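One structure is given here, and the rest of the page talks about it.
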Amino acid sequence: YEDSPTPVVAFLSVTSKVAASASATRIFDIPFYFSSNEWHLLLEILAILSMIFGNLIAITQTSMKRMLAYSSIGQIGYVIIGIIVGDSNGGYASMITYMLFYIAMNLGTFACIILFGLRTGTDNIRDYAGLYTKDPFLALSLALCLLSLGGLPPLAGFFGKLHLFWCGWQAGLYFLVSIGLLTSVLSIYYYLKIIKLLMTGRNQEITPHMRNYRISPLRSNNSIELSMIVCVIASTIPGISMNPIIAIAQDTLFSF
Amino acid sequence: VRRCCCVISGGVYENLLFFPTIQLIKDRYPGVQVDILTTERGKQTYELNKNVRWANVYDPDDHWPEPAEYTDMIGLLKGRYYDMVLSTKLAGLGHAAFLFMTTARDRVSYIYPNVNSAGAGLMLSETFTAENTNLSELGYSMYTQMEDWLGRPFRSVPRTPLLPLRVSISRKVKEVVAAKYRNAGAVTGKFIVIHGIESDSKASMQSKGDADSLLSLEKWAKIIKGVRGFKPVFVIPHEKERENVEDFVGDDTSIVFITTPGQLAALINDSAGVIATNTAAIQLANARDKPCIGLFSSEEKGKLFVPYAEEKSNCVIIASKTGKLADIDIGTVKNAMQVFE
Amino acid sequence: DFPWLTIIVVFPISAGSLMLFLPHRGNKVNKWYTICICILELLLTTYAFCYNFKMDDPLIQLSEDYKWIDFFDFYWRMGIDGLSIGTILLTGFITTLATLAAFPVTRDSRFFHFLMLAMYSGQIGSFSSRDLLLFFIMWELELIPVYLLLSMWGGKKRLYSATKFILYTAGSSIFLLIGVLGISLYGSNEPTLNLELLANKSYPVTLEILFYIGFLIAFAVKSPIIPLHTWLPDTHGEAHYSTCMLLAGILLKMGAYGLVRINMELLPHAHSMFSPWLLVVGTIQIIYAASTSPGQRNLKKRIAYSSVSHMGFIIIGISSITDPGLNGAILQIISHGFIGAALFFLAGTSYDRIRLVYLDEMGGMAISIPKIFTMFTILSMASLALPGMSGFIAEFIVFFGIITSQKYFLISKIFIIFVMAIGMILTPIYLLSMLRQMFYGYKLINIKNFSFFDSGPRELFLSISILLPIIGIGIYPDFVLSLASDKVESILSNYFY
Amino acid sequence: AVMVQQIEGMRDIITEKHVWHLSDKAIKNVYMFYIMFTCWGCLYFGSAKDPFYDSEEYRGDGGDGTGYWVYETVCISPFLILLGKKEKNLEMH
Amino acid sequence: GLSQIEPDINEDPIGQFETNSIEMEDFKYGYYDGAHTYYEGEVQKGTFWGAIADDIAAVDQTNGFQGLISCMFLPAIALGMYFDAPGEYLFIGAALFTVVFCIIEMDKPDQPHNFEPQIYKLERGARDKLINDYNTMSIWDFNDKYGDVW
Amino acid sequence: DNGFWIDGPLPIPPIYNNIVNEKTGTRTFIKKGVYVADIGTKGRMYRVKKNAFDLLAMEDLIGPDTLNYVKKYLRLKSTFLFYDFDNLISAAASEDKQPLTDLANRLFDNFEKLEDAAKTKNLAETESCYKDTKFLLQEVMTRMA
């Protein structure tokens, strides 16, 4: 994901993970329920690991697409909590709405990383320092998307994680939920480490790739920004406007 | 590399002799925002580099810092996003983890000879095992391993020196030190600094490896009475010595209070002569081609701290025959009369 | 009847969100816009507290319930107790004076005052919510804005303190979430979240102790309990005065108020098990945080530890199963809100005038800044539990709740009172050490060439405005007791049988 | 109100015991008046000539209103003089 | 303060606890502490009204109307009791006073101490936000020194 | 019962076999937790007089928009009077015991009526009950003195 171009990084990360979650529900609940004890442990192990190491790696990463990949690993580790719980003791609605919010709040982040790279050129994280002065809207969008991914205030990813941990507690997965919360804090750290840079600025901690940003030398008001602000709205309000999404995700009881 | 830290230590002297290394770094790569995580008394020297950016204060030779300060500086070096470190803190494990916790592509450091560097290679790109455990005792160079790694022949020549120790003074420090020596009985052209006085202070810029580096005052009184006065201005490290100096050499002698090495270099640049003992004043005199004599306690320390005396043709190095800094005080006067006019 | 508490809580955010771009590129327009909004919100709060809040009824007033998320049974429950209205008025007063003290800020003042209004909404949301998960929402909603007005405004190592604070508070808010999850799910049949429906449940002791651990680890950092208190001396001591006077003024009191809501009247039979040890913890906390404060060369960390020390009396009054103990805890919440707010305000202005931090330097500055000197002295006297100030009656009613306690016996009461009242010997030591170090003296290099500016009329009004309730509550304590005491009986009726 | 109390040791006591209270409404009213006074002062003294944070002492050097402006300034002005020194060495001192 | 040069480190960290004051050996009593100063004869008149109104005029940004309402506000709330008991009228009037004060505090003068620290370079009088609505001057980027002298 | 900090129910102080209660329940002005000091029979006999004098001199406190504090002071000093009468009756001479407990019953029924009048913010009934309860307060004051 460091070498591949950022837009297909976004597309393949999010799309492969949602399709592979569809498969990881399908080929596990329908044909492998008889061994569902043993299976669960496997996923649980992976889930715990995918919640820890991912959210423990991206702390110390200087890239941006790479640490976004590790944060995506952590988010899918949260998703496996909803995979592990069956359809009865907290269904797959939590997993569904978290994949919804994951799309909505990761494609926005990748859209901001795209605009920072079609205007500056690079994807190293130290170049993000000083974006609040050049572009308050792009900085605000990336900060709101990352805060949705971390989930301090009532945003999309916070309430998605809340639904996941609700289903996990109710089903009785305490070691999944507690580790997921620890690593949610651990992810909040590096998200705010990003938000440190694109809010601060000192006229030399910025780079010569941030100094020459050039929003206006552009084709027009793109449709990139349209999907970016759509993803920002869909990472902000669906945390608030969650009851329709839960109600349309609860009526999927036929996965067996 | 694009951003380069430096976790150096020692104080005034050891931070001064790192300027060739930093100029080497900025000569190797086109643009390097250099930073220094050094001790207090070391940041002051970093007025005189014109090649550095931040120069924070850490005292890495504390070994037992406040965890608040330790974690603050770890996160600071992380959030500055360096590509090289170049410690010369002279420690292996423990400090190697402190360099590894910084997101650095090329962790470079010095290493204890003893067992204390049990696992430093697991975290560092370069080893640099050292000598004497007191690296300033090695002398002026002190960085030949760090230099002969920096800009090794990969495409072009190393060029490890660039006219060694090009220190540089600002105009504000020049103005305030000019007002200082003009408040003294000195003129900007014809005066001579001293910077050797018996004291108990870290502002004399001595070393970490030299103990008998600072000469007494009665022996300095005999030295300065043996020479006709070219108005020698005295450079005390603390005001308590002023009333001592006036008690020894006389009330008529003019004393200037300088503790900042930047102010000291601003004094050197205006001076026309230097009679320093083994302090940073010798190297600040060899910088900007000023005539020194450079007393020492031994020819060994004199060769170690001044190896290039045959290249400036003015710093006629002086030592003591026996140890304990008991020099002749006779021929030093003769070649002082020779070189200062 | 009318959505009162909702237009209390959402109004600062819904009025600061009108600063989308707002092309006025000086601090004047947004400074006055947001102080006007804060005054309007304070007046709305008072008109709810005066003409639409019965002070005798120890039940939920101005109640309001919506349906936000049906799966969690997550409502928009709002409600006012007798032990929560005082903290709400304190939130209004202290945050209003905080944005007054932030008048000279001009760096990114639009963002600063917006985040101030975000804190202003979130704190009242945490104090006014009768839903557990909503209490968690408004707990974590005063986490990002405080981070952003702590890391980009105030303090040398502000980034370290800000990340320490946000990760410590999040690592405790997850324990709070464990608690609300436990109570809601494993609480009873028909799982709910409404605290009004929840305060009369069984909660057997093997589960009640677990919920109490899960909530005490959450509230042990916000009201700092000395195993878990290290976030404060870095956070307060490296923050701006306008943020720090609500970090200690009202943000420290959630956790003390929380130990009353979700621990004292929701888990009473487990609080009867845990309060004997919280008592020893608070008694050790007073001495510990009064002995660390002379250890601090810094001026602002001294007052941060002072807050850790004065929270010990609230811990003790909470762990005192008495009406006097808890009334003294609520009164000390409000009293130390005023005191710590004004003290951090004056320390910040003293740093701005003097530009020195440590008490080894910064000798005699009384002749330089005499107005700051006298206001700091009066508020150190109020921190001292001096009569005529609210601190005395607080730190005496808590003692009286100890000595009139039915839980504890004399062999323990003697030790507890002794270790509590050593605190009021050690508190003179550090407070008057601060005063004699930073104000009493003469520095020969500061004769006339400096001639610093004195406390301007704005800062003087700040300090005086926070002083007058302290004096008024020292001379007549029932400005604070009378709004809580009835409710306190509604707590203690759950304890005696 | 008046009570005579006999005591063996010293004397008689003529206790009076005016049990009173400010009352529920007057307490609300003093809360009201003090909040209104806080409004008045927050507006008026906010519109006062704050003499410290207006001059070239605070607003001149840095003066953003933060607490790190001193430290970042004295960390930047070293960098600015170092940059000016490199510019001076760029044109032969 | 400024400290263009790096300051001198003090070799005597006087103490963690004792204050930074001079000793009694060097303390000139009376003159320093003011115990023997204030010889009456250098004092001035202004008996308590020629120095209160002088101090009010010393610190004031209030014009004729804003200021008159400030002087008549607290007397209006003080007579909200002991003369009548209106109720919500007091709070509605207080909110009206706050909002009209804030609208008035969008002052025609802008007083450059209000602006950012980066603005203080020189010549800032030629900058006129006071009259120029929709200023349109991209100087708040704060990453390069543009010449705004036009 | 581990010496320091008895735990669990936090029991009320008991009622020692007296008819001082209501017989339709125990009593309603009882404050749950108050530290009544176990002084001694003369001390209880004087503290009855002092609390009755307080309740007697509570005349000024009564008025419009003040009944909450009336109820609070009532239930407080009446709880003190309750436990003091309990210890006095339980340590009586068995010949002045019956008139004293009938006195306490006809005093506490009136305190109950007064609390019912003040908790409900009934001012006129509060005062009309305060009349005969003042008669009873002067009666107990001249009994104990």
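Chains as they are written, first to last, in the authors' numbering: chain B, 257 to 512; chain a, 115 to 455; chain D, 9 to 505; chain d, 65 to 157; chain e, 51 to 200; chain h, 76 to 220. Note that beta-carbon positions come from the ideal geometry of N, C-alpha and C, so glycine has one too.
Residue burial classification, residue i (beta-carbon count within 10 angstroms, cutoff 16)
i                      : result
residue 171 of chain e : exposed
residue 274 of chain a : buried
residue 360 of chain D : buried
residue 497 of chain D : buried
residue 175 of chain e : exposed
residue 363 of chain D : buried
residue 261 of chain D : buried
residue 292 of chain B : exposed
residue 452 of chain B : buried
residue 121 of chain e : exposed
Delimiting residues of the alpha helix (DSSP H) encompassing residue i
i                      : result
residue 399 of chain D : 398-411
residue 317 of chain B : Element bounds for residue 317 of chain B: n/a, residue is neither H nor E.
residue 150 of chain d : 133-154
residue 121 of chain D : 117-136
residue 370 of chain D : Unbroken run through residue 370 of chain D: none, as it is neither H nor E.
residue 446 of chain a : 445-453
residue 109 of chain D : 93-109
residue 85 of chain d  : That residue, residue 85 of chain d, is in no alpha helix (DSSP H); it is neither H nor E in DSSP.
Proximity below 7 Å, CB of residue i to CB of residue j
i                      : j                      : result
residue 289 of chain D : residue 233 of chain D : yes
residue 256 of chain a : residue 131 of chain a : yes
residue 136 of chain h : residue 84 of chain d  : yes
residue 444 of chain B : residue 178 of chain D : yes
residue 307 of chain B : residue 439 of chain B : yes
residue 454 of chain B : residue 388 of chain B : yes
residue 221 of chain h : residue 330 of chain D : Residue 221 of chain h cannot be examined here, being either before or after the span of chain h that is shown, 76 to 220.
residue 225 of chain a : residue 206 of chain a : yes
residue 270 of chain D : residue 222 of chain D : no
residue 196 of chain a : residue 218 of chain a : yes
Span of the beta strand (DSSP E) around residue i
i                      : result
residue 87 of chain D  : 86-88
residue 350 of chain a : 348-350
residue 370 of chain a : 369-371
residue 75 of chain D  : 75-77
residue 72 of chain D  : 69-72
Contact set for residue i: own chain, Cβ-Cβ below 7 Å, skip 5 residues either direction
i                      : result
residue 258 of chain B : 319, 321, 322
Own chain residues within Cβ distance below 8 Å of residue i, not counting five before or after
i                      : result
residue 243 of chain D : 158, 169, 170, 172, 173, 255, 312
residue 306 of chain D : 245, 365, 366, 367
Own chain, CB closer than 6 Å to residue i, minus 5 neighbours either side, in chain order
i                      : result
residue 24 of chain D  : 122, 125
residue 529 of chain D : For chain D, the structure presents residues 9 to 505; residue 529 of chain D sits outside this window and is missing.
Closer than 7 Å at the beta carbon, the chain A residues around residue i
i                      : result
residue 127 of chain d : The question asks about chain A, but that chain is absent: this structure's protein chains are B, a, D, d, e and h.
- Run through the stretch 185-243 of chain a for me and flag every whole alpha helix (DSSP H) of 4 or more residues, listed as ranges in chain order. 209-215
- Only counting runs of 4 or more residues, tell me where the alpha helix (DSSP H) segments fall wholly within the stretch 124-148 of chain a, in order along the chain. Counting whole runs of 4 or more residues, the stretch 124-148 of chain a contains the alpha helix (DSSP H) stretches 127-130, 133-142.
- Query: Fully enclosed by the stretch 95-168 of chain e, which beta strand (DSSP E) runs are 3 residues long or longer?
  - Reply: If we require 3 residues or more, the stretch 95-168 of chain e turns out to have no beta strand (DSSP E) run fully inside it.
- Task: Mind listing, in chain order, the continuous alpha helix (DSSP H) runs of no fewer than 4 residues lying wholly within the stretch 84-163 of chain h?
- Result: Look at the stretch 84-163 of chain h and you find these whole runs of alpha helix (DSSP H), each 4 residues long or longer: 116-131.
- Message: List, from N- to C-terminal side, the alpha helix (DSSP H) runs of 4 residues or more that fit wholly inside the stretch 272-331 of chain D.
- Response: 276-303, 308-327
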